[PDB]
Amino acid sequence: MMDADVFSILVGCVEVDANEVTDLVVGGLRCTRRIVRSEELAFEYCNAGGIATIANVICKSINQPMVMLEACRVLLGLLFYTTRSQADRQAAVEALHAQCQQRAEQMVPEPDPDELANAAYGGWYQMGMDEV
Amino acid sequence: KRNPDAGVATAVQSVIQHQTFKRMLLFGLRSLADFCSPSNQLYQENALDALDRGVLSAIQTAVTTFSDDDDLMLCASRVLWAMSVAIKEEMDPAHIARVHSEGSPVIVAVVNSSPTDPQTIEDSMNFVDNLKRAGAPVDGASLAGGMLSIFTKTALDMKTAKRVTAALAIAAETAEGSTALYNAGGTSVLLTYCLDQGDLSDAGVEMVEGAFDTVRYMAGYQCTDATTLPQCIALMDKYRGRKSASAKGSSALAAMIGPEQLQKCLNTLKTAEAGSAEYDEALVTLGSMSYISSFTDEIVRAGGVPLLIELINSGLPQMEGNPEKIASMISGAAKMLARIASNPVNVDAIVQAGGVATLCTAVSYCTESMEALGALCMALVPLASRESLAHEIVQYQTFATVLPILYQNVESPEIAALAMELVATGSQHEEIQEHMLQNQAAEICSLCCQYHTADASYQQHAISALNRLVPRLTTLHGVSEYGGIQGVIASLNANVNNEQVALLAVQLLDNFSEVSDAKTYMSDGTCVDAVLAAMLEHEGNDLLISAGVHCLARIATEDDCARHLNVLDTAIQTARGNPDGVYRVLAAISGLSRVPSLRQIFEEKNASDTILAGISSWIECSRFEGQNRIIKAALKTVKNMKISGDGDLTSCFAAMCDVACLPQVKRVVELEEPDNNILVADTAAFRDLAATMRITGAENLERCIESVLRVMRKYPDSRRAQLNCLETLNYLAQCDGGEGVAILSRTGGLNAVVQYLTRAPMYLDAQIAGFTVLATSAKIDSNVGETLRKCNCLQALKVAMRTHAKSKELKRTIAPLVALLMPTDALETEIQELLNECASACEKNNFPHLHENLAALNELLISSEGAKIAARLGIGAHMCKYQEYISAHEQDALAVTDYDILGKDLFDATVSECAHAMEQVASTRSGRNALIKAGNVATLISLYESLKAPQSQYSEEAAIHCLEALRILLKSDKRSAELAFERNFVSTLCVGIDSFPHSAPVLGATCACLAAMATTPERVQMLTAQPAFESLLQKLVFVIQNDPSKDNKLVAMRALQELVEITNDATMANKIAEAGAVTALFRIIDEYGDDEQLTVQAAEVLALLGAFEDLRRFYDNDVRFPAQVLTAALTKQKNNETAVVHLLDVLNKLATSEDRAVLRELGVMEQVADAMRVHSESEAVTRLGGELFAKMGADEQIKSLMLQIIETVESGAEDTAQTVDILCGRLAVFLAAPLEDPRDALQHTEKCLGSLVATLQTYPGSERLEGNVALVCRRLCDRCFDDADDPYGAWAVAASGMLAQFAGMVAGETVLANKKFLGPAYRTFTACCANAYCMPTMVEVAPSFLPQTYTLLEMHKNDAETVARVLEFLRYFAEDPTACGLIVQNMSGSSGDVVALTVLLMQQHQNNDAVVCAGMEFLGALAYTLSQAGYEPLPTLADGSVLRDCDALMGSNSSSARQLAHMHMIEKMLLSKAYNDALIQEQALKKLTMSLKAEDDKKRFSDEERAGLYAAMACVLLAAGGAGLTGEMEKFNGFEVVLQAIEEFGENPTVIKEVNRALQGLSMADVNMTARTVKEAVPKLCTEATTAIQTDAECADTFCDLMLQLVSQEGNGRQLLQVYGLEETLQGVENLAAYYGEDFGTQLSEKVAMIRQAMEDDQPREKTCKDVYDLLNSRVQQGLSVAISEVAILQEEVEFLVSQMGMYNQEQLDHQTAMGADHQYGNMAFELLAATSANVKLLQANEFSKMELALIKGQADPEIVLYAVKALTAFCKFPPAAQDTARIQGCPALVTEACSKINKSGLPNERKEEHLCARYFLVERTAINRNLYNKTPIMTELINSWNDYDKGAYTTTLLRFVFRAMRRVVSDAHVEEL
């Protein structure tokens, strides 16, 4: 299914007008939740525009409880598979600072801003979610 | 209504709940703002929701308590502005009230916060503008002041400032507003800003303009301080360069200093007091007075000489005496002198007081006072303009003195600019050119470029000079020894922002390179790199790159390539740091790869790949500074390389889509703005790659469609990216024969496009590009529409036209609206319904219901079909009623309380919707016909007259629509315009523009209506005699003269343009001239010569007037000012082609050959010459350039130059090659000129050419010379391209050996880069092909260079001129048989067949008419001559392949030229008779007529243009005739275009001669075409086109030919005799024969005589019904239609038969009388044409059933009723037919009795059998219902017939017939008999 870019359909089919017949095709958000079973899969969905569509669905869905749910389910999944324990992250950033200290000792500046964000922040960040 | 985003509610509650606590208020408001932005497609709805939820009290408290927060201000401004937009469209008065009262206070508080942020200002400014439009403006005064304070803060973006100063200016127009500004900081504030933080960008100038307008108005309410005058003057010296600002300053001063002050000062100066006193004081005052240009004259009256006095005598000796003091005085004086050199008359005064000497000598003294020297320099420039004066000035050596001083004192800024200005205006004179060059030359001016790099003017002057001097340079030494190249590279390097100077800089680098010892000094690489870098920064600048590739082609070496390419990857690896390093390598690669000779190195190392990999490494990484930059560059570097290369691109295309989809792209673009980021740069790049159409392979293609869909899937919210993607789909869709649509189908792409358009309806850019992609595919594959309807494209189309009162869109969304088109029957349904509903509401006095339903109906007429239907359904007659009702039910409308619109609003709104309906219907020829015939032009005049009193919200909306419907109708029927032309209506119309004085659409349409009725000299005299019209002229001139709005001036001018252009009468021109227009327009060009929009618009109007008016008249017969002005504009505007065109047009009308001295003196010719050089490729520039130079005595100059060329060749000088080159330059301009005596002017052509071919042979590889010689030869050939008897044209070229010379050069592959040679070389070859006596020689030399001709097309595939020239050649060359063979057997390679290469080039330049037209004409010409010379059809034309590619190259908006070429191509294929299957499959004839009908509807072209299409189309149809393709035509009513040509162009003889010829050919082809010709066409010729036939030789002769063809067949003669008008025409032809006499007249007389004899002699025997049967029966058995609507011969046949039969049918007939036997054939005749369902309606429009039935009841003979029966039996094969006959009361009983008669008869069995089978067949057919025959004895007759079978009487066939009838009539009622 990956080899034939199935995500191309599951991204598209979910952004549509709503209506009782279509609210059901959006219930096919489930299809996406069931497929995304790992981190690598979550990142594949993103690379297909998964994150932008889910955001656009969630935001249109205040008065659409059924799809609001199904879409929040998908995102929680994506986050889960991509978010690490605050601990592992803390560790990661301590290490980053260590490397920094080492070079300086030999030769103290800051780790690369983006590298540091990449280690410290959860999946939301790795998947390109922004504040706004 | 649309529903608002639900989040608005939550956002707003946040804002209301937390108005004290700020941290969150902002957050909420920031969120409301984002909901309220055009990012969101529901911002208007969102905006209004917040209003109704009462968010503004909260915003109001917020902006008061937190005044300071700049960020809250930005958010507040955003929400309000959004509200402003919504309430403007949703014209609800309540909402408008609320936003006025509750919203404006906050916007005001924002403005009084003194914000500097562009956005907050734009918004609150745009808020203020919209509210005014809504009819609830914000008090200017309230905003004024707060708006001034904005300038108390610096850091103000000039762009924003320009807007603020404009807004101050309008505010200051009231004393209230002016005092507000005085109460706040006065003028000083603004003026100080201007002085301190003001720039010289086009924006800055527009800013200071508005500042000066502000002041002006303030000074007229004495709201001026005392700082104003001193400051204004300071500001004018700061901007002296820019005349638009200088002028607005002067205007401002004049409103501050009255004339009395002038008087005082001047006289005081006449009261001597010389020496301090008041004299030396008043002296200072005069200084200031000078700046006021309105006082210049009065100052010259009494003075001008004092100044020189105060300079020479009163200073020169005492210079040595008192340096400082003297200097100041000298300067002040010199400057005033400069300042008063306004008009040519004023500079005249100056020479009368020997200014030239005084000033020239003063220099010699002020060698040490920079200030004074510059003041002198300044006072000299105006004098040195004049040539006579310049020679005086060299005898004073003053140039020779200032140059060295400048050199050493260049760093000082005043002297530099002023010295240079003078060197510049000096350098414009050839005599001085040399003098200067001698004394240190421009080796100093080149260096001088190294300084003041931000002073555009300085740099401009300097470089313009150097480009007038380096041509005449032997060596590049000195300029190098001085370091001037290194100084122009500096200037270039420091000017990335000034596109203008950057250009000039490389032009000068280009020109340096043309010196011999260039390489010796310009192969440092430094220069190379500079130019390379310059090139990449300035991409969009055609002229700059072209000039750069030239420079590089000259000095660039592979030794430069490797110096870059050998560090490429190293630089890519070190891009995080030193991004500038790799930036350079990219720029080098990008540029050096446009040099064909050099690209190979990069190709070999596959640099494009190396770079694409770098790009990826620059995105998928930790972000770094310079990332975006290097990427955006690399993308361009890759794009360009591919574009200058030759491969297929599909690989690279994908690689780029892949790059755009890298995950880190989103993060990299968020630190940027939404339409200049690495994403849009990538989408742009790949779009551009698709444009090249180098995507070939159904696999390769799928990849691209997919890759583009992915990009648009990942990035829904990058609008520019989406656009660039849509665009990209289009190119791809029409790739690989246009098969792409299929892919897009399967890939689901179509639905994508539909679902984008649905999702983002607000983005017109997108709406158009999207539907574009749709329409394209629709036009390339059938059933695409199915999918579209299935994809709900309708929903889109609707909301499209329903949210866009545009045009281009509608045009695009037309083919869809014809495919989807709803069921169309539904449209019809709804339209009828709505008409009824509109009419009902008038009958029932429901004014609201009328409005509601008109608007509904207007939503259905946006479609060409809607309109066409409404016309048919009688919307015209309805409109009369609707109008009558509206006009006489106004106070009813006013009283309405229970509706969405109330008050006058409702009334006006209803007229508006009424007028709109008519406007729309009139989009089609049908509609205009119906509207006009129904009296709807009066209807409209009544509606317009109904608008009055308090301007309502819709009053203007309403006027516009009335006037537009009027404009269309009056323009479209001359008679209808001429009927409307009544003084009172003129008065109505004029008064109309007073009522809407600020409405530009109203003024535009009013003026069009006026011009359209002034159709003759008398009417013009009458229109101009109307005081209301003279007032309008006076008022239009007034706007042009006083209104500071650029947009107003433009509109006032476009309005004049239309009055004089449509009318095209001297009287009009004269009245407009006398209202002051000439001087006003010249003044535009004087003040705004730096503004293209203005200069052009003014020149266009001046030029039209100039055809009728001697423009000198308005300057007391002194040409100088208008010449000076135009020459100066031409200078400033040199690179803008359309602006030099219109300026040259005015100069040509201004000036006469009696002005040479004048024209020398003002240097006019120098500028014209240069304009021609810059625009060598321009038909219009060259032509007008020629006409100007013809005033200088071209005949003599050509003789002279041509003799000098010969002489210098025969001398054998060393200088020779260069000397002959300059001479050819000069000769080529004069050869553009029309001549008086060609035979005398051109007498030396052949010898001269001989001299020139010798020169080329002697000095090969002289690029310049090669070009100029070609240019000379082109102009020679062009002069007489079509006169094969002219000896000075292609004749001279071919006889002189020049043709063979050129052929050789191409064949020698030595010149395959001198585009300046190849262009005119191929035009020359074209001319030799077109001259029939030269053609054999072309064929001789062609094989040598044809192969290389292919190479050129591949090499210069990206240069559109070169391609056009070469394709034009192939087209003309393909008229020779042998030539055609050579082409097809000598021109193949990578691009493929010549025909393939042609499509490839056309596809690449779809936007270039020159390429496409040359392309299509070639294809056709080749196609034809091949067919004629035996060659087998080109395969790729015959498979429909190319017909389709050609069809795709037609845009909805395509020139007349392209439409003409396309017809020509098809004409030629039809004449070839070789490609008929292919033409039929592509429905070529249909699509041409669709094009043309569409063009008759929308009337986009002129009359001259459409005339020419019709003539052409006629010729197509004649080809169609000769190719036996009548019948394809009678499918789509093709004959109809011929009828339409006569009706619309009967007075135009060049159409009619074609119509005649086409009718003749169509007639010879098709017996039906003949019939239509006789019955329909000739009636129309002899009336509508009679005047043409009788007065034009060819019309007369062609008409006689047509007639002679028609009368040649039996029957036609008689009919033609009855034709009304024929006689008048024939005897008028007779008279045209008498006039011409000679041979032509004799044969013309004889033609008419023969026609008359054939007509007398046409005596066909009386025809019988039997003939009708024999023709139908023979038609039937050869499988030909017998449907009357399809076969014209049958109409006359069926009507004779109706009538002949009907007279028969009144008697009792016998089967043995002649008559009665003929009555049988008449029924057998009917029997056959009742067998086609098509004929049913017509048949039953003669009550066929009744007649037949009657015969059945009446007639006695069984054998005459048999045939009525058989015939009606066949009729009733069809259900409706049957129903009708059955319904007829008596039918059952009657046919039943017919059965009985036979059953009871004593007829022999065999006969009884036939009779009964027929009768029983009829009952079977007519028994549509089993009950029908209930009341009848049919079952007994059937049974009886059965019992006779039983008695062995009949065969089985009868029983079958009985059994069939029984089953149709069996019911309850027959059970007993059974």
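Residues numbered from 1 in each chain as written, not as in the entry; some residues may be left out. Chains lettered and ligands numbered in written order. Part of a larger assembly, values for the part shown. Heavy atoms only, no water. Residues with missing side-chain atoms left out of burial classes, pairs and counts.

What follows deals with the overall build of chain A. Along the backbone of chain A there are nine helices and zero strands. Going residue by residue from the N terminus, the α and β elements of chain A occur as α-α-α-α-α-α-α-α-α. For chain A, whose C-alpha radius of gyration is 19 Å, the value lies well above the compact-globule estimate of 14 Å for 132 residues. By the burial criterion, 39% of the 132 residues in chain A qualify as buried. Surface exposure of chain A reaches about 7,700 Å², of which carbon and sulfur atoms provide 58%. (Helix = DSSP H or I, 4+ residues; strand = E, 2+ residues; numbered from the N terminus. Rg over C-alpha atoms; globule rule 2.2 N^0.38 Å. Buried < 20%, exposed > 50% of the residue type's maximum accessible area, 1.4 Å probe, protein only. Areas by Shrake-Rupley, 256 points an atom, 1.4 Å probe, with all protein chains shown as cover.)

Moving on to the overall build of chain B. When its secondary structure is counted, chain B shows 115 helices and zero strands. Its C-alpha atoms give chain B a radius of gyration of 42 Å, near enough to 39 Å, the size a compact globule of 1874 residues would have. For the C-alpha atoms alone, the extent of chain B along its principal axes is close to 155 × 95 × 75 Å. Pairs at least 24 residues apart make up 76% of the contacts formed inside chain B by residues separated by at least 6 positions. (Contact = heavy atoms within 4.5 Å.)

Side-chain pairs of opposite charge can arise where the charged atoms are in close proximity. Residue and element names in this part refer to chain B. By the definition in use, this model includes 98 salt bridges over all chains. Put simply, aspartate 529 and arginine 563 hold a salt bridge, and the shortest N to O gap is 2.8 Å. One end of the pair, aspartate 529, is in helix α35 (residues 526-537); the other, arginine 563, is in helix α37 (residues 558-565), with 34 residues separating them in the sequence. Given a relative accessible area of 24%, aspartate 529 falls into the partly exposed group. Each of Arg1274, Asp1278, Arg1323, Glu1361, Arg1365 and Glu1368 takes part in salt bridges that share partners, so that together they form one network. (Salt bridge = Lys/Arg side-chain N within 4 Å of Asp/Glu carboxyl O.)

Considering all chains together, one arrives at 32 aromatic pairs over all chains under this definition. Consider the rings of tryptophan 124 of chain A and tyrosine 125 of chain A, whose centres lie 5.6 Å apart with planes at 80 degrees: the pair is edge-to-face. Of the residues examined, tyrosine 125 of chain A reaches a relative accessible area of 9% and is grouped as buried. With a centroid separation of 5.3 Å and 85 degrees between ring planes, the pair formed by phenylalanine 1281 of chain B and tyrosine 1372 of chain B is classed as edge-to-face. On the criterion of sequence distance, the pair formed by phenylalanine 1281 of chain B in the loop between α82 (1263-1278) and α83 (1290-1295) and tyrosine 1372 of chain B in helix α87 (residues 1360-1373) is long-range, its members being 91 residues apart. In textbook terms, an aromatic cluster arises when at least three aromatic residues are bridged by ring pairs, as seen for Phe1302, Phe1317, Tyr1322, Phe1325, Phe1345, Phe1369 and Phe1373 of chain B. (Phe/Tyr/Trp six-rings, centres within 6.5 Å; stacked < 30°, edge-to-face > 60°.)

Taken together, the contact pairs 15 residues of chain B with 18 residues of chain A. For the pairing of chain B and chain A, the buried interface totals around 1,400 Å² over both sides, and the portion due to carbon and sulfur atoms is 41%. The largest contributions to the chain B side of the interface with chain A come from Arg667, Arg713 and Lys714 of chain B, which together make up 37% of the buried area. At the boundary of chain B and chain A, one finds three salt bridges. The interface formed by chain B and chain A holds seven residue pairs in polar contact in total. Of all the secondary-structure elements, those providing two or more residues to the side of chain B that touches chain A are α44 (665-669) and α46 (698-714) of chain B. (Buried area = accessible area lost by both parts, 1.4 Å probe. Polar contact = N/O pair within 3.5 Å; in protein donor to acceptor, adjacent residues only side chain to side chain.)

Here the UniProt-annotated "repeat: ARM" (unreviewed entry) positions come out as residues 303-355 of chain B. With 77% helix and 0% strand, residues 303-355 of chain B has end C-alpha atoms that lie 13 Å from one another. (UniProt positions renumbered as here; feature names shortened; annotations may be inferred.)

Let us now look at unusual backbone geometry. All names here are of chain B. In this model, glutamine 397 sits at a positive phi of 60 degrees, which is unusual for a non-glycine residue. Note that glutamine 397 resides in the loop between α25 (387-395) and α26 (398-408). A positive phi angle, near 55 degrees, is found at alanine 441, a position not held by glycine. Among the structural elements, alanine 441 can be located in the loop between α28 (430-438) and α29 (443-448).

Residue and element names in this part refer to chain B. At their nearest, the axes of helix α65 (residues 983-995) and helix α68 (residues 1027-1042) sit 9 Å apart, and the two run at 30 degrees to each other. One element, α65, and the other, α68, form an angle in the roughly parallel class. Relative to α68, the crossing made by α65 is left-handed. Listed contacts from α68 to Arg983, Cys990, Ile993 and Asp994 of α65 are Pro1027, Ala1028, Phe1029, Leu1032 and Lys1035. The class makeup of the residues in the contact of α65 with α68 is six nonpolar, no polar and three charged. (Axes fitted to C-alpha atoms, helices over the stretch in contact; angles between N-to-C directions. Parallel < 35°, antiparallel > 145°, perpendicular 65-115°, else oblique. Left-handed = near helix turned anticlockwise from the far one by under 90°. Nonpolar A, V, L, I, M, F, W, Y, C, P; charged D, E, K, R; others polar.)

On to the nonpolar core, then. All names here are of chain B. Counting residues in hydrophobic clusters, the biggest one holds 596 residues, and the most contacted among them are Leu509, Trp618, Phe1302, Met1338 and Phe1373. Apart from residues no more than four positions distant in its own chain, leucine 509 is found in contact with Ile485, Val488, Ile489, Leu492, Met522, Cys527, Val531 and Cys551. With 67 residues, the next largest nonpolar core counts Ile1684, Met1701, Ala1794 and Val1865 among its residues. (Core = buried A, V, L, I, M, F, W, Y, C linked by side-chain atoms within 4.5 Å.)

In this section: the side chain of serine 718 of chain B. Mapped onto the secondary structure, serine 718 of chain B falls in the loop between α46 and α47 (719-733). Beyond its immediate stretch of four places on either side in the chain, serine 718 of chain B contacts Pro674, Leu679 and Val680 of chain B.

Residues and elements named next belong to chain B. The terminal C-alpha atoms of helix α95 (residues 1484-1498) lie 21 Å apart, and with 15 residues this matches the ideal 21 Å at 1.5 Å per residue to within 8%. Every buried residue of α95 is listed here: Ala1484, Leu1485, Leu1488, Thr1489, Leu1492, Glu1495, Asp1496 and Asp1497. One or two positions beyond α95, positive phi appears at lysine 1499, with a value near 50 degrees. (Expected span 1.5 Å × (residues − 1).)

A word on the environment of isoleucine 1072 of chain B. Residues and elements named next belong to chain B. Topologically, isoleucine 1072 is positioned in helix α70 (residues 1066-1074). For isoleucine 1072, a relative accessible area of 1% puts it in the buried group. Placed 38 residues apart in sequence, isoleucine 1072 and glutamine 1034 show a C-alpha to C-alpha distance of 8.3 Å. For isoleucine 1072, the contacting residues outside a window of four places in its chain are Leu1033, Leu1056, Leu1059, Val1060, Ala1077 and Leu1105.

Moving on: the state of the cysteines. All names here are of chain B. By the definition in use, this model includes zero disulfides over all chains. This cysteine, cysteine 448, is not joined by any disulfide, and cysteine 445 carries the nearest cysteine sulfur, 5.7 Å off. Classification of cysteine 448 by relative accessible area gives buried; the value is 0%. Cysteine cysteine 1795 remains unbridged, with the sulfur of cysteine 1787 as its closest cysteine sulfur at 11 Å. By relative accessible area, which is 0% here, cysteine 1795 ends up buried. (Disulfide = S-S within 2.5 Å.)

This paragraph deals with the environment of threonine 758 of chain B. Residues and elements named next belong to chain B. Assignment of secondary structure puts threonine 758 in helix α49 (residues 749-759). Considering only alpha carbons, one finds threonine 758 and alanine 1011, 253 residues apart in sequence, at a separation of 43 Å. At 2.9 Å, the side chain of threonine 758 forms a polar contact with the backbone oxygen of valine 754. Engagement of the side chain of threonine 758 in a polar contact is seen with the backbone oxygen of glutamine 755, the distance being 2.9 Å.

Examined against the element boundaries, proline 1433 of chain B turns out to sit in the loop between α90 (1409-1429) and α91 (1435-1438). Spatially, the C-alpha atoms of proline 1433 of chain B and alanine 690 of chain B are 31 Å apart, while their sequence positions differ by 743 residues.

Taking 1.5 Å of rise per residue, 15 residues should cover 21 Å, and helix α24 (residues 370-384) of chain B covers 20 Å from first to last C-alpha, within 8% of that figure. Along α24 of chain B, 14 of the 15 residues are buried, which leaves the element largely enclosed by surrounding structure.

Before going further, it helps to examine the packing of helix α21 (residues 323-340) of chain B against α24 of chain B. Residues and elements named next belong to chain B. Relative orientation of the contacting elements α21 and α24 amounts to 20 degrees, with a least axis distance of 8 Å. Between α21 and α24, the interaxial angle falls into the category roughly parallel. You can see that α21 and α24 cross each other, and the crossing is left-handed. Between α21 and α24, the contacting residues are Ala327, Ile330, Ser331, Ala334, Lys335, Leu337 and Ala338 on the first element and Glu371, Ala372, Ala375, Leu376, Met378 and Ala379 on the second. Looking at side-chain class alone, the contact of α21 with α24 contains ten nonpolar, one polar and two charged residues.

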